[PDB]
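J.: Need coordinates for the following:
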Amino acid sequence: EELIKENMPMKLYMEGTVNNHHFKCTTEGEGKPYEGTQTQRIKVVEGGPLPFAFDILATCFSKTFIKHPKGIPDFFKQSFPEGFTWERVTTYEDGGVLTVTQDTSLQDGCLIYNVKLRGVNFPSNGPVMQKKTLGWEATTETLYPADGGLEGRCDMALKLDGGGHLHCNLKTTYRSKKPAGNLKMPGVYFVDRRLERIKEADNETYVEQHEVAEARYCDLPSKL
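T.: Numbering: from 1, shown residues only. Right below this line is the structure:
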């Protein structure tokens, strides 16, 4: 927390297979963790060009850069210097499944992300393998305390070429590398996000992504 400055750089390494196509990516980026904004510049360094829509990788590329109001304890920033991990299964409504393991560490004042992933059963004539997608809609994730970690649940929608959407459901567990004590847990809360592709080149083997992410407790009145 202490260690997370108003400006922070990040670097990411990714290795994965989707429908039996192996690849690797690297990234460099920076953001403003307390403002909830970040940019990543992504290179497909192995296995490019990808025969699947780069969009399905977008949510793999940074929880430290969520704006948390003062009243919401920040699980992610609190976890440093030790860092944290996250694990996810994304299930697409046409049968695609993507599982991901991520490690987040802080090294020489830089955030370091290591990602491994496997995608299976994306339909050969579906929008993902035919690259007929056009980015993500804005979203709300709900985060729940669970045994000293957080569970995240989010329904997302991939925009399609003629209009319309392909839907998927994200189930994530976030785990701190810090011991149980010395972590103040939030209650149940929400993160609203807008992830946008800002630049791309060479059939998505270079991609620049921007994210804005802001946390909130539900502001609706309660009758108890």
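J.: Closest to the centroid, which residue in this structure?
T.: By CA atoms, centre = their mean, the chain has its centre lying nearest to residue 59, at 3.4 Å.
J.: shouldn't that residue be in contact with residue 170?
T.: Yes. Residue 59 lies in contact with residue 170 (CB atoms under 8 Å); the separation is 7.0 Å. Where you see a C-beta, it was placed from the backbone N, CA and C, and this is true even at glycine.
J.: quick one: common contacting residues for those two?
T.: 90, 156 (CB atoms under 8 Å, 6 or more residues apart in numbering).
J.: A helix includes residue 100, no?
T.: No. The assignment for residue 100 (DSSP: H, G, I helix; E, B strand; the rest coil) gives strand, which keeps it out of a helix.
J.: Offset the numbering so it begins at 18, please.
T.: With the count now opening at 18, the last piece we talked about shows up as residue 117.
J.: What is the burial count for it?
T.: 21 (other CB atoms under 10 Å).
J.: Who does it form a beta bridge with?
T.: Assessed by DSSP bridges, residue 117 has beta-bridge partners residue 105, residue 134.
J.: That one is in contact with residue 77, isn't it?
T.: Yes. Residue 117 lies in contact with residue 77 (CB under 8 Å); the separation is 5.7 Å.
J.: Could you name every residue contacting both of these two?
T.: 132, 134.
J.: State the distance from residue 76 to residue 33.
T.: Separation of residue 76 from residue 33 (CB to CB, to the nearest Å): 13 Å.
J.: mind listing the helices for the chain?
T.: 92-95 (DSSP state H).
J.: Correct me if wrong: residue 191 contacts residue 80.
T.: Yes. Counting by CB under 8 Å, residue 191 touches residue 80, with 6.7 Å between them.
J.: Quick check: neighbours shared by the two?
T.: In contact with both residue 191 and residue 80: 93, 101, 103, using CB under 8 Å, 6+ apart.
J.: Could you list the buried residues of stretch 105-122?
T.: Within stretch 105-122, the residues that count as buried by 16 or more other CB atoms under 10 Å are 105, 107, 109, 113, 115, 117, 119, 121, 122.
J.: closest to residue 162 among those?
T.: For those, the minimum distance to residue 162 (CB to CB) is 17.8 Å, reached by residue 105.
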